[PDB]
Amino acid sequence: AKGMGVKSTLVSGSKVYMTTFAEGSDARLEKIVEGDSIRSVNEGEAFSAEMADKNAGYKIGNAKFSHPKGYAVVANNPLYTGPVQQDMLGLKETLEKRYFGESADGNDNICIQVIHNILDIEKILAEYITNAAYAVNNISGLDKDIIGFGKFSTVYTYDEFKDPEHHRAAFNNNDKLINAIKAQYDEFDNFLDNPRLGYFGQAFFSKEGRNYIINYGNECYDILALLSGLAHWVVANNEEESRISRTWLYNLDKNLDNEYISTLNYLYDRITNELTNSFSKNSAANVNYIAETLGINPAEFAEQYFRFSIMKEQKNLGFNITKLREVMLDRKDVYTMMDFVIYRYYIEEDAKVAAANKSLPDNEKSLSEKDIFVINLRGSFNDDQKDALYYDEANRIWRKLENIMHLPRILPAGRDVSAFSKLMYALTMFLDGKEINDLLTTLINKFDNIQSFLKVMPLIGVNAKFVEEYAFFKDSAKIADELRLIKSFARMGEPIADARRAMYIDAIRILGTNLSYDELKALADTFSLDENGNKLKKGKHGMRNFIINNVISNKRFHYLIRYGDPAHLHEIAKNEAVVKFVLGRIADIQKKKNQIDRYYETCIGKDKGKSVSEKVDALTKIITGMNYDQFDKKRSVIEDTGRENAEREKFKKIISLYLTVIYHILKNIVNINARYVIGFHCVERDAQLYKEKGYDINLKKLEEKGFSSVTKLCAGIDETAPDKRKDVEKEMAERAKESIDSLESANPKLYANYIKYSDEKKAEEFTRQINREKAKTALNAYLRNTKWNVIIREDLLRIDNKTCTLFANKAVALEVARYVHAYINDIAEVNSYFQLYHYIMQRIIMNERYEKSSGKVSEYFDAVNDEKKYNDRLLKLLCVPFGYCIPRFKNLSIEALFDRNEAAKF
RNA sequence: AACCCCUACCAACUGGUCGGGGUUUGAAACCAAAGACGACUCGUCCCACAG
Ligand SMILES: [Mg+2]
């Protein structure tokens, strides 16, 4: 009933406190239910709350914009089942004891929602931190993992790390530890001398004058130690605590050092000073037109900037926030001016008719017309009609008629910004634009939900408070505001302008080349050195500028270089099967000139009559035939007076399409691998939770025994022992006989007709009763269902713990994204990125565990070898560690339920 | 869309039917914010320019 305005809570003490739409400085608690009560805390009759059917439902109704639109009746009642609504994992008590400690004696269900939001934060952070760690390990080029567990962390400063001999007291006088620190310092010294640091120029380089100069080693060591500490914190589930605890990200203010704090403050101050200089200088690009279109004085309309474009916030006299705005779909009609003029229209209803004159009467304006439009748009029922409200709103804002043609310190410094937000910004310094947007949006939404729940808790009678270890979440509103601010400018410049010979060789490699390394070095030197060894004069750098503007300065190429190898990606792009699938997938978006037609016109020519399939085939032929020798022989493209301009633009478009295809492939692979990364993170988290719960599970041997330990624990009684098999069978047979004898007391009395005792429904239901008795011993609401319990017990008897451990270890290291180049050309047919990723993973596991495996797993390996496609049974056997959660097990093992965006195809 | 919980009718109940609910299940409640998703034209990669 979200469309009618129902965001009600369920359990709070012994009453049902039905909440409503928050974030409006009003309507925090609408209805309160105790027994058969219908009393309302607030006034106004937002929605009806009469008890439907008087047994297990509350009939909700509304007056306008929230009609059921047909035969429908809304009903819900939490207290009908008796006790509080237990979580399906059966760990809400442990979660409340961990995060809240002495909660409201378990008689609440908003604390568990806050804890689930925290867990979602942890999942998304672990995913993106693993991605950033893999990117740093790939760009570093070293075989040794410099970010994973075992390397340096935020415990030692740069002075102690550089000179471990004079700081022997800090390392507990351990000679092995001192030797390890010396080895790590040697690796760090080799890391600074790596010319590939320009890829992470936002974190390891500083902009000053005209070139980029590497900052001091202090900041670089601080950033690397912060990344390593994040990597240690996201893996703090197998080990309880050795040096970095689980609350490290929350106690950073007490765990980090002044050096790391100063590094984060320096980064934040640098980016904020750049933003301030930009807002002071480049304002004339828009204020010159705004002064004529909805503008009186240059100091008046400029106040909206630095808060609208650089902050994406409102912070007006009302209570609406970034999540309570209207996208407006760019008015569905240049773009920069029209977006600001329309934003300036409905913003006056929050300052001109605000509480300065509206607080005296009930409402001066039409009850906050912005919030009223939000409520009218809140009718999520039949969302295919929400776009009609934008059309009606566009016909209402026509009174503007202004779209004819179309200084002080605003942002905080590094001191009044949380270390959490500064570390999130430093982490986004290692991610792409899409990844940054997704991560920051998820974090903003989760923190906003957390702060809303924390504001609702005291009014519904919940006095739960966070422990000292998790008291960081008390500032969730400030955290969300800082994250919104950071997201507003976290995508301003990925690469640097100081590209080197290494980057030139990488650009030549990704464009296709078979020359030796010495020949590549010579060709890269020819970009800046003449035929006599001197640097080229000004104006003779045409080829180098072209390569820069086409390859190195491309965000897609940056994403490709962070997660992949240029030669490997070039070998990937030579396969016509996958390229035709990617190009064919772009042609399917035309249902929403065409993109394929534009690509064919800009890359191949203005030929007509060619069908879509022929255009895709031609684009595949010109993309698979990509080679740098095409641009080398035509190096005369440096002339840009107008003759070779057509060929230059054609080459630009071809390179753009090539990089776009490879970027799509790699991004899909990474997004699919991140799902199983999050899955194994959840497996480890729930393992630790069930260990803290009081059950029998070995967190030390969950690696050797396979990650299916949680699945075996939640399945119930373990029957994986030959001596215990007969005992368990006899006990379950006795239980089934007792249940059959005791069933004859109710509507299942009809069992007296389905009995023949030879092989009929009698013995059939006897076996099914044995199965459900085995199922009732489960420890969670998922595996308590007899169907899923039987499926899990069948999957457990044929499990391969070594194969599961290998799959878990390879899912975190992105070995699929590493070895895709070696197994992409061994596929019979590519149907989707899901099947591609899983075939590559199974091929890697086979290459590692073919001669060592046996039993049914060898049959699945042989089937994969013969059929040249992924095996669904082998996949669902690898998802057994996910067996404790049935939705996750079904989403990560079934292709039709994996992707939510591709659900329309299935 | 998978899963879970519901009043009415059947149904070992590991089946279903009209409908509702789930931020307390899965990337995963409303509005927004991302993503699938590549573009179009006007402050982001236009070269009047930049090693
Ligand atoms: Mg959730």
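Its PDB record attributes the structure to cryo-EM, giving the resolution as 3.1 Å.

Per the PDB entry, chain A carries the name RfxCas13d and comes from Ruminococcus sp. XPD3002.

Quick look at the overall build of chain A now. For chain A, the helix and strand inventory stands at 36 helices and 6 strands. Computed over the C-alpha atoms, the radius of gyration of chain A is 31 Å, within 12% of the 29 Å expected from 2.2 N^0.38 for a compact globule of 906 residues. Dimensions of chain A along its principal axes, counting C-alpha atoms only, are 100 × 80 × 75 Å.

Taking 1.5 Å per residue as the helical rise, helix α28 (residues 722–742) with its 21 residues ought to reach 30 Å, and the 31 Å between its terminal C-alpha atoms agrees with that figure. Among the residues of α28, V728, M732, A736 and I740 are the ones counted as buried. Looking straight down α28, one finds that the buried residues subtend no more than 105° of arc, so they occupy a single side. Residues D723, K726, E738 and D741 are exposed on α28 and point more than 90 degrees away from its buried face.

Moving on, we get to the protein's contact with RNA strand B. The environment of RNA strand B is made up of 95 residues, and the closest members are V334, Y390, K667, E765 and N901. Each atom of RNA strand B within 4 Å of the protein was assigned to sugar, phosphate or base; sugar and phosphate come to 58%. A distance of 3.1 Å separates a sugar or linking oxygen of RNA strand B from a polar atom in the side chain of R556. In this structure, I586 approaches RNA strand B through a main-chain N or O atom, which is 2.7 Å from a base nitrogen. The leading source of residues in the surface near RNA strand B is helix α15 (residues 433–456), at 7 residues. Of the residues assigned to the surface near RNA strand B, the class counts are 35 nonpolar, 28 polar and 32 charged.

A few words now on unusual backbone geometry. Backbone geometry at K312 places phi at a positive 60°, although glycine is not the residue there. Its place among the elements puts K312 in the loop between α10 (298–301) and α11 (335–345). For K312, a relative accessible area of 32% corresponds to the partly exposed category.

Relative to each other, helix α1 (residues 92–99) and helix α2 (residues 111–140) sit at 80°, their axes nearing to 10 Å. If you check the angle between α1 and α2, you find them roughly perpendicular. Counted together, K92, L95, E96 and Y99 of α1 and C111, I112, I115, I118, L119 and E122 of α2 form the full contact between these two elements. When its residues are assigned to classes, the contact of α1 with α2 shows 7 nonpolar, no polar and 3 charged.

Now for the pattern of salt bridges. Applying the stated criterion across every chain, the model contains 45 salt bridges. In this structure, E729 and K774 form a salt bridge, with 3.6 Å as the shortest nitrogen-oxygen distance. Of this pair, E729 sits in helix α28 while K774 sits in helix α29 (residues 761–775), placing them 45 residues apart in sequence.

It is worth spelling out the side chain of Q835 at this point. Within the secondary structure, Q835 sits in helix α33 (residues 833–849). Side chain to side chain, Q835 and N831 meet in a polar contact 2.9 Å long. Setting aside residues no more than four positions away along its own chain, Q835 makes contact with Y870 and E895.

The next point concerns the packing of aromatic side chains. In this description, an aromatic ring pair is defined by two values, namely the gap between the centres and the angle between the planes. Taken as a whole and assessed by the stated rule, the structure comprises 48 aromatic pairs. Seen in terms of ring centroids, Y343 and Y346 are 5.9 Å apart; in terms of plane orientation they differ by 85°. Their pairing is edge-to-face. Each member of the pair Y343 and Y346 is classed as buried. Judged by centre distance (6.4 Å) and plane angle (40°), the rings of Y628 and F631 are tilted. Accessibility expressed as a relative area gives 4% for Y628, which makes it buried. Residue classification places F631 among the buried positions, given a relative accessible area of 5%.

Let us look at the domain arrangement of chain A. Along its sequence, chain A is carved into domain 1 (1–85), domain 2 (116–274 + 415–489), domain 3 (312–399), domain 4 (717–777) and domain 5 (799–904). Inter-centroid distance (C-alpha atoms) of domain 2 to domain 4 is 55 Å.

We now examine the environment of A808. With respect to the helices and strands, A808 occurs in helix α31 (residues 801–812). Relative accessible area serves as the criterion here: at 4%, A808 is assigned to the buried category. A808 sits 87 residues away from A721 along the chain, and the two C-alpha atoms are 25 Å apart. The contact partners of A808, leaving out residues within four places of it in the chain, are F680 and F707.

The next point concerns the nonpolar core. With 239 residues, the main nonpolar core has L125, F204, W248, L249, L443, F447 and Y676 as its most contacted residues. Examining the composition of this core, we find that 22 residues originate from one element, helix α26 (residues 645–693), more than from any other. Not counting the four nearest positions on each side in its chain, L125 is found in contact with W233, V234, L249, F420, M424, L439 and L443. Grouped together as the second largest cluster of nonpolar side chains are 9 residues, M4, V6, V33 and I60 included.

Moving on: helix α17 (residues 501–510). Counted residue by residue, α17 has 8 buried out of 10 residues, so it is predominantly covered. Inspection of α17 places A502, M503, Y504, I505, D506, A507, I508 and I510 among the buried residues, and these make up the whole buried set. Of the surrounding elements, those touching the buried residues of α17 are α18 (517–525), α19 (542–552), α20 (555–563), α21 (566–573) and α26. A positive backbone phi angle near 95° is found at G512, which sits one or two residues after α17.

Relative to strand β6 (residues 211–214), strand β5 (residues 205–208) runs antiparallel, the two sharing 4 bridges. If you follow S206 over to β6, its bridge partner there is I213. Taken together, β5 and the strand that follows it, β6, pair antiparallel across an intervening segment of 2 residues, in which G209 is found at a positive phi of about 70°.

Cut-offs and rules
- Residues numbered from 1 in each chain as written, not as in the entry; some residues may be left out.
- Chains lettered and ligands numbered in written order.
- Heavy atoms only, no water.
- Residues with missing side-chain atoms left out of burial classes, pairs and counts.
- Helix = DSSP H or I, 4+ residues; strand = E, 2+ residues; numbered from the N terminus.
- Rg over C-alpha atoms; globule rule 2.2 N^0.38 Å.
- Expected span 1.5 Å × (residues − 1).
- Buried < 20%, exposed > 50% of the residue type's maximum accessible area, 1.4 Å probe, protein only.
- Arc of directions from axis to C-beta.
- Near = heavy atom within 4 Å.
- Polar contact = N/O pair within 3.5 Å; in protein donor to acceptor, adjacent residues only side chain to side chain.
- Nonpolar A, V, L, I, M, F, W, Y, C, P; charged D, E, K, R; others polar.
- Axes fitted to C-alpha atoms, helices over the stretch in contact; angles between N-to-C directions.
- Parallel < 35°, antiparallel > 145°, perpendicular 65-115°, else oblique.
- Contact = heavy atoms within 4.5 Å.
- Salt bridge = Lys/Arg side-chain N within 4 Å of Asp/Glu carboxyl O.
- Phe/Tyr/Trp six-rings, centres within 6.5 Å; stacked < 30°, edge-to-face > 60°.
- Domains from an automatic or database assignment.
- Core = buried A, V, L, I, M, F, W, Y, C linked by side-chain atoms within 4.5 Å.
- Pairing = 2+ DSSP bridges.

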